[PDB]
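>
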Amino acid sequence: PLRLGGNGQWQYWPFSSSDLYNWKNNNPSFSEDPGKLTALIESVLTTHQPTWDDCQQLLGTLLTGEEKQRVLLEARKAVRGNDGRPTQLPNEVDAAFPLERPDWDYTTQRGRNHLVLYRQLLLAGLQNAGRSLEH
Numbered sequence: 534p535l536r537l538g539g540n541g542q543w544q545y546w547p548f549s550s551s552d553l554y555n556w557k558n559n560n561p562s563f564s565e566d567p568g569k570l571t572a573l574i575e576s577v578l579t580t581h582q583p584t585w586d587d588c589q590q591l592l593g594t595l596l597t598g599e600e601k602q603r604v605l606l607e608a609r610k611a612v613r614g615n616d617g618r619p620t621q622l623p624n625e626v627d628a629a630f631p632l633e634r635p636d637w638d639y640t641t642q643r644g645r646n647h648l649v650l651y652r653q654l655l656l657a658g659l660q661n662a663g664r665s666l667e668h
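Residue numbers (the working numbering): 534 to 668.
1) Please state the DSSP three-state secondary structure of residue 623.
2) Of the residues 594, 549, 606 and 625, which one's Cα is nearest the Cα of residue 613?
3) Taking the Cβ atom as the reference point for each residue, do residue 603 and residue 662 lie within a distance shorter than 7 Å?
4) Taking the C-alpha atoms as reference points, what is the distance between residue 618 and residue 665?
5) With a threshold of 8 Å, are at least 3 pairs of Cβ atoms found where one atom belongs to the stretch 557-569 and the other to the stretch 631-645?
6) Pull the bridge partners of residue 554 from the DSSP assignment, please.
7) Applying the 10 Å Cβ sphere with the 16-neighbour rule, what's the burial state of residue 651?
8) Would DSSP call residue 754 helix, strand or coil?
9) Tell me the rounded alpha-carbon separation between residue 643 and residue 658.
10) Roughly how far, in whole angstroms, is the beta-carbon of residue 574 from the beta-carbon of residue 553, given that I think they are within contact range, below 8 Å?
11) Is the distance from the Cβ of residue 543 to the Cβ of residue 640 below 7 Å?
12) For residue 648 and residue 581, what's the separation of their Cα atoms in angstroms?
13) Starting from the Cα of residue 536, find the closest Cα among 560, 570 and 579 and give me that residue.
Okay, here's the thing in structure tokens:
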């Protein structure tokens, strides 16, 4: 999580393990009921402003390896180019939705801007994977 500090600086705080444990174990699996975990994750992305690593941890905890892989792959399918339309250009896809830890600096606006886009894409990916599972 990212939090605006009392000194005007953005601070990184890791998820608490009790929160992670509870989110997973108080909830049905993603495959069994995609809507419940999707809603949970959407709220977490909003309220906790997680970093790229937080998102990996959140997905890793709540999803199985197969679920998580589908979700990230769907997220990358959601990347758009300048024309406001889909792109499959590796450099554009990787730039918006990196699968490897990026160099994004949470203390900077550029870095928080990348994070906002990444979380929007992740949510789309989650929604879209959920729908496939639902039909």
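No residue lacks a Cβ here, since even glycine has one placed at the ideal position from N, Cα and C.
This is what the structure holds:
1) helix
2) 625
3) Result yes, Cβ atoms of residue 603 and residue 662 sit closer than 7 Å.
4) Here the alpha carbons of residue 665 and residue 618 stand approximately 21 Å from one another.
5) no
6) According to DSSP, residue 554 bridges with nothing at all.
7) buried
8) Nothing about residue 754 can be read from this structure; the chain reaches only from 534 to 668.
9) 23 Å
10) Not confirmed; about 12 Å, so no contact.
11) yes
12) 12 Å
13) 579
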